[PDB]
Amino acid sequence: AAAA
Amino acid sequence: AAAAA
Amino acid sequence: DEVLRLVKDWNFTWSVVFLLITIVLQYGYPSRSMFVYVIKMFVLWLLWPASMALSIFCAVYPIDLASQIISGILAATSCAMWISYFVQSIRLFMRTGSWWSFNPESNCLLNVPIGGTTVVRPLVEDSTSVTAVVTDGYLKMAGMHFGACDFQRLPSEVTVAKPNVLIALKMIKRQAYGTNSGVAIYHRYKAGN
Amino acid sequence: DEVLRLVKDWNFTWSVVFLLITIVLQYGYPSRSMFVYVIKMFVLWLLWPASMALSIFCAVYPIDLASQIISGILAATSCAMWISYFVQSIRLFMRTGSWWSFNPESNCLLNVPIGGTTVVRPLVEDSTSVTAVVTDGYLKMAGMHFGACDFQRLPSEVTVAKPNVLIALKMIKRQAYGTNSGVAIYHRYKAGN
Ligand SMILES: CCCCCCCCOCCOCCOCCOCCOCCO
Ligand SMILES: CCCCCCCCOCCOCCOCCOCCOCCO
C-alpha cells in the first residue's frame, strides 16, 4: 500500500 | 564571493 | 605474565570496535549506502542501553560524590534520549506508515499518491509550497524523482508529515507544456492533529 | 585496593565517551543541528589515527598469528579510508571552494550565481535537469531555498560539481507568471575534467  | 548555506 | 594477556585481549576488541565506529560514522548515510546505514542503526539501538547501564555501574561504584551525581545525570540523559526518539518515531509512523519515520536524519516526510498507491520520500527543507514537474510522463517533485505519472492524472492534494503536525497542500497553478508534460504548484491550506 | 580504583576510573571515562558517541550518531547532521555536526566531525578526525595506532599496537603485541594478520589488515583499512576522504574532499574543494565539500554525507554540489556571488548547496539526487521557481522575487531551486533574486536576473548557466567531473546546465525554458515570478528549467550540455 505504502512504498518508500 | 561564495556563500555556502 | 597474566597481566600482558588481558592487555592484548582488551586492545584487540577495542581496535575492532573503533574501526566499526569509524566506518559507520564515515559511510552510514542513505545517500551513500543503505548497507552501512543499517549497520549504523544497529549500533544506535545497542548504544542507548549500553550508555545507561554503564553510567548506572559508575553511580553504584563512584570515585566520589561528584562522580556519583554526574553518573546519575548521564544515565538519565541516555534514558531521556531513547524515550524522545521512540515518541517522535512512533508518531511519524502512525501518521505515514513509512519506515523512513525511524530515520534520525529526516523529520519531514512528503507523501504523494501515485494512482492507487502512496510513495513517501524524506523532505530536505520544510516549505509552504511544493513544485511538481512532469516530462514525457515522468514525474519529479521538489527536485526528487518520484516515478512514472501522467500529467493529466496529477493528484489534487499532497501531504507533508512531521512528528507533531500533518499538513495538506492543494494544487493551485497548472501549466501544460506538451501532451504529457507540464508543471504544477501545490500550496498549503490546512493543518492537522 | 588499587584494583577497584582503576575499574572506577576506566568505567567513568568510557561512560562519557559512549554518551558522546550516542549524541553525534543521533543528532550529528546539518538537518538537525550544526553544533552536534561539528562535534561529530571532530570525533571523526580524531577517530582515524586512533584506530590505526590501536591496530599497530595489536600487531606489535598480538594474541596469535591470526590477531597479527587481522591487525595489519585493519590498520591498512584505516589508512585507506583517511586517504580516500582527503582525496575526494580536496577535489571537490578545488572544483567549488565550498566547505560543504568536507561533508561525507554529500558528494554532489549545486552552484548557483546570484548576481555577483555564488551560493552552493549539497544535492540530494543527481539529475540531468534542474527546475527553478521564483515567487515575488525570492528564488528556490530544486526544492531548496536559494535566496533573493529578481526573475529578470536569473543566471543563464548553473553548475553541478562531483569529485571527478563538473557539469554545466544552461537555461532552456523560461515562463513569467508575474512581474517577479516565474519558472525556469536548466539542462546539461557539457562535461568537465
Ligand atoms: C584500486 C586499489 C584498491 C585496493 C587497495 C588495497 C590493495 C591491497 O593493499 C595491499 C597492502 O596490504 C598491506 C597489508 O599489511 C599487513 C601487514 O601484515 C603483517 C603480517 O605480518 C606477519 C609477520 O609474521
Ligand atoms: C583511494 C584508495 C587509496 C588506497 C591507498 C592504500 C594505502 C594504504 O596503505 C596501508 C599501509 O599499511 C602499512 C601498515 O602496516 C604495517 C604494519 O606495521 C608494521 C608492524 O608489523 C608487524 C609487527 O610485528
# chains A, B, ... in the order shown; residues from 1 in each chain; ligands from 1
$ residues_around --residues "region 14-20 of chain C" --least-positions-apart "6" --cutoff "8 Å" --atoms "only C-alpha atoms" --output "JSON list (two decimals) with C-alpha atoms, in the first residue's frame"
[["chain", "number", "residue", "atom", "x", "y", "z"],
["D", 47, "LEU", "CA", 39.00, 8.61, 15.09],
["D", 51, "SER", "CA", 42.09, 3.32, 15.06],
["D", 54, "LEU", "CA", 45.42, 0.83, 18.07],
["D", 55, "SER", "CA", 45.76, -1.78, 15.31],
["D", 74, "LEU", "CA", 42.58, -3.29, 9.81],
["D", 78, "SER", "CA", 42.08, 2.82, 8.50]]
$ select_by_dssp --residues "chain D" --states "helix (DSSP H, G or I)" --output "PyMOL selection string"
chain D and resi 2-27+34-60+65-96+99-102+151-153
$ residues_around --residues "residue 5 (chain B)" --least-positions-apart "3" --cutoff "12 Å" --atoms "only C-alpha atoms" --output "NGL selection string"
(:B and (2)) or (:D and (30-31 or 34 or 98-100 or 109-112 or 118-122 or 144-147))
$ residues_near_ligand --ligand "ligand 2" --cutoff "10 Å" --atoms "only C-alpha atoms and all ligand atoms" --output "PyMOL selection string"
chain D and resi 52-53+55-62+65+68-69+71-88
$ closest_residue --among "C:114, C:50, C:6, C:160" --to "chain A" --atoms "only C-alpha atoms"
C:114
$ select_by_dssp --residues "chain C" --states "strand (DSSP E or B)" --output "VMD selection string"
chain C and resid 109 to 114 117 to 122 129 to 135 138 to 141 144 to 148 157 to 161 166 to 178 181 to 191
$ closest_residue --among "D:164, D:11, D:101, D:117" --to "chain B" --atoms "only C-alpha atoms"
D:117
$ atom_distance --atom1 "CA of residue 129 (chain D)" --atom2 "CA of residue 185 (chain D)"
7.0 Å
$ residues_around --residues "residue 43 (chain C)" --least-positions-apart "2" --cutoff "12 Å" --atoms "only C-alpha atoms" --output "PyMOL selection string"
(chain C and resi 17+20-25+28+36-41+45-51) or (chain D and resi 18+21-22+25-26)
$ write_last_selection --atoms "C-alpha atoms" --output "PDB file, in the first residue's frame"
ATOM      1  CA  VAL C  17      35.075  -1.605  17.743  1.00  0.00           C
ATOM      2  CA  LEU C  20      33.420  -0.228  13.135  1.00  0.00           C
ATOM      3  CA  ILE C  21      32.567   3.192  14.579  1.00  0.00           C
ATOM      4  CA  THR C  22      34.824   4.915  12.040  1.00  0.00           C
ATOM      5  CA  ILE C  23      33.096   3.085   9.162  1.00  0.00           C
ATOM      6  CA  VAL C  24      29.512   3.819  10.240  1.00  0.00           C
ATOM      7  CA  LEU C  25      30.459   7.434  11.001  1.00  0.00           C
ATOM      8  CA  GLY C  28      26.495   5.412   7.232  1.00  0.00           C
ATOM      9  CA  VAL C  36      26.277   0.801   6.237  1.00  0.00           C
ATOM     10  CA  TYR C  37      23.170   2.758   7.228  1.00  0.00           C
ATOM     11  CA  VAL C  38      21.508  -0.362   8.664  1.00  0.00           C
ATOM     12  CA  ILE C  39      24.753  -1.184  10.489  1.00  0.00           C
ATOM     13  CA  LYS C  40      24.744   2.319  11.986  1.00  0.00           C
ATOM     14  CA  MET C  41      21.140   1.797  13.075  1.00  0.00           C
ATOM     15  CA  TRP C  45      19.889   0.582  19.101  1.00  0.00           C
ATOM     16  CA  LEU C  46      22.655  -1.151  21.057  1.00  0.00           C
ATOM     17  CA  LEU C  47      24.180   2.160  22.153  1.00  0.00           C
ATOM     18  CA  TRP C  48      21.280   3.577  24.212  1.00  0.00           C
ATOM     19  CA  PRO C  49      21.048   0.829  26.886  1.00  0.00           C
ATOM     20  CA  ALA C  50      24.833   0.393  26.981  1.00  0.00           C
ATOM     21  CA  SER C  51      25.364   4.052  27.908  1.00  0.00           C
TER      22      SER C  51
ATOM     23  CA  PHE D  18      29.807   6.240  24.985  1.00  0.00           C
ATOM     24  CA  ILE D  21      29.145   8.762  20.526  1.00  0.00           C
ATOM     25  CA  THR D  22      25.399   8.285  21.024  1.00  0.00           C
ATOM     26  CA  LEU D  25      25.312   9.395  15.963  1.00  0.00           C
ATOM     27  CA  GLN D  26      21.747  10.527  16.765  1.00  0.00           C
TER      28      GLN D  26
END
$ decode --residues "chain A" --atoms "N, CA, C and O atoms" --output "short mmCIF file (atom, residue, chain, number, x, y, z; two decimals), in the first residue's frame"
data_model
loop_
_atom_site.label_atom_id
_atom_site.label_comp_id
_atom_site.auth_asym_id
_atom_site.auth_seq_id
_atom_site.Cartn_x
_atom_site.Cartn_y
_atom_site.Cartn_z
N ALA A 1 0.83 -1.20 0.00
CA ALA A 1 0.00 0.00 0.00
C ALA A 1 0.87 1.26 0.00
O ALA A 1 0.64 2.18 -0.79
N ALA A 2 1.85 1.30 0.89
CA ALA A 2 2.77 2.42 1.01
C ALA A 2 4.17 1.97 0.61
O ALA A 2 4.76 1.10 1.26
N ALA A 3 4.69 2.56 -0.47
CA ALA A 3 6.02 2.25 -0.97
C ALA A 3 6.97 3.41 -0.66
O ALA A 3 6.58 4.58 -0.73
N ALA A 4 8.20 3.08 -0.31
CA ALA A 4 9.17 4.11 0.06
C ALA A 4 10.48 3.93 -0.69
O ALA A 4 10.90 4.81 -1.45
#
